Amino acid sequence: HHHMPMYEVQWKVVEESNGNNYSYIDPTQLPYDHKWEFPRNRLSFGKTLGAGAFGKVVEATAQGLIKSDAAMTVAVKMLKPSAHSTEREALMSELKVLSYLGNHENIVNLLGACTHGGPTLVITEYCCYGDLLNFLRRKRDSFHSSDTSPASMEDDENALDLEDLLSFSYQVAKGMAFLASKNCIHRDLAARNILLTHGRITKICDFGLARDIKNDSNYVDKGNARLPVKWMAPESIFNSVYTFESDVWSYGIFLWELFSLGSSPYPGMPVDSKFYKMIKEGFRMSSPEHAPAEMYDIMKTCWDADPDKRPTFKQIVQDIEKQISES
């Protein structure tokens, strides 16, 4: 019998509880709208896009999904036959939360599902550049400064510049604002959980069971879970408190990764009792090299120990939209 926090960090929808508190919704209670049902036969599977112990995501072709006589590339999340009922429930619950959330430009969107007969298939948008973290890392050496000739890079047209990084930061804040408006808390926001598509649109996601979490050292064995500690707010680490404001903390850590072009957070600071002490005492990362001062300012406010002093995603969107206008 699996403890699911060992295998993924589940997003949560919250509902108003007593007084000013929120409580988690049990996602198995959410409805699955059968308008999403899509014939299993009209799918043709290609390469695997990610896999963990019990789940995988694989690229596929779907016949007639969006237009009656047209095919389109999609990504399909599904479980391996060795999965347990606890994973099969988690995947249906993920489908129910997707059916509840609706559609947004900056999330990986639900396109359809196969829920009768064999395994649950969750059909979502395919993003051809893959995860943003790997993209930033392979694009790292070709990042180009403002007033520099295009002739110095080979693929200057495919290179990375500050305009891209500000754009990615803006689109992720917009996706997170959407999530928060549906009372959704992601709980595992990070560049590894953001995809990049045609036109360089970023889409938030979570590989979840399709990630080999035991071999991703960004997840630390803490209690009986595997937790992305370096991305988490202190209240989540120490009191297991997850709110819209803890997502903002993670967004600040994402910004640091983004403007460091995929560097790993808190270098020279392995997760141990020393790490936890320094975070409590107010240690915070310095500005990434390519981060403009105003983006580093957002980062610092994202990391306020007092959750009420952190920006909301709605405010962050306003801030970054203005920074983009002014340049």
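All residue numbers are counted from 1 along the displayed sequence.
Taking only CA atoms, the mean B-factor in the PDB entry is higher for 62-70 than for the other of 62-70 and 265-273.
The deposited model assigns a higher average Cα B-factor to 141-149 than to the other stretch when 141-149 and 209-217 are compared.
When the modelled residues of the chain are ordered by C-alpha B-factor, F38 sits in the highest third.
Among all modelled residues in this chain, the alpha-carbon of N183 has a temperature factor (C-alpha) in the lowest third.
Among the modelled residues of its chain, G130 has a C-alpha B-factor that falls in the lowest third, as given in the PDB entry. Per the PDB record, residue ranking by Cα B-factor puts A159 in the highest third of the chain.
Among the modelled residues of the chain, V57 sits in the lowest third by CA temperature factor in this PDB entry.
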